[PDB]
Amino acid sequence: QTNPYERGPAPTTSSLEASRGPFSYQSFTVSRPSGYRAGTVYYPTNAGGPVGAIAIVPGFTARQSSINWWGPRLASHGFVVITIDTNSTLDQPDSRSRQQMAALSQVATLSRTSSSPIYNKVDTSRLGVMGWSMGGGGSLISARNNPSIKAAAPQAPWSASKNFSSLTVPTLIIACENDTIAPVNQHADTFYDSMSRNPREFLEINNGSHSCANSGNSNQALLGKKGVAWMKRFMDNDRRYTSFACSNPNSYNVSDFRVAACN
């Protein structure tokens, strides 16, 4: 069979490194956020069918601005994205996971609400999780707790829980070589090395500080290509993105690349 989740034309290096995919996007603020503080929903106006939904959580003391470049980037390729603010900026990773799932729950209900810009735009069975630092650990925790999640792509993850051996959710860990907040060999390395049952990839930005994948970063061409490709391959089962998702980028801006069980 045709894969009914395929959206957009065949990807290219340049179409993926571009700021924007083939779809127009708009956004709205969530009026009455349920179980988190605030949310901006990015969506394609014209994806040619329902698309999956991704919730993205900031790090400790941070807000939507740290992680919201992902909103337009992913929405323009055919995803509905919610970037959230947490109940408290001091929330820890387990709390962030709960709020991440709550945000996905509300994206889903809004997609079933006739009032909403995203009415009928979402396949609420196809969800992804992303986030920075403690929001990244929350994404791992979400994936651990809920194996039906299709994909995880946290960045510079921080988590006091170290054991993700149970993960079957395809996970791309974005890491920052010189991270002094969520040091790679105490966080990202440990998380990755615990995994064995899931498609997975480790993409570490050369000399990256803790904020190496945040809004305004100097590696959007590479990071955006990889994040979109991962979400396409695993959220849409879209085999046109296997090579993009699974390949070594062979970039000098990558200090360490690892991959396993990726086709």
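When you see a residue number, it is the position in the sequence shown, counting from 1.
The stretch 249-257 shows the higher mean C-alpha B-factor when 249-257 is compared against 16-24 in the entry. Of the two segments, 67-75 and 85-93, the one listed with the higher mean B-factor is 85-93 (C-alpha atoms only). Annotation for 45, 214, 220, 40: 45 ranks highest, by Cα B-factor. Taking only the listed residues 139, 133, 148, 161, the entry reports the highest CA temperature factor at 161. Compared with the other modelled residues of the chain, the Cα B-factor recorded for residue 185 ranks in the highest third.
Ranked by Cα temperature factor within the chain, residue 112 sits in the highest third according to the deposited record. Residue 58: CA B factor in the middle third of modelled residues in this chain (values from the PDB entry). In this PDB entry, the Cα temperature factor of residue 49 sits in the top third of its chain's modelled residues, the highest group. Annotation for residue 210: CA B-factor lies in the middle third of the chain's modelled residues.
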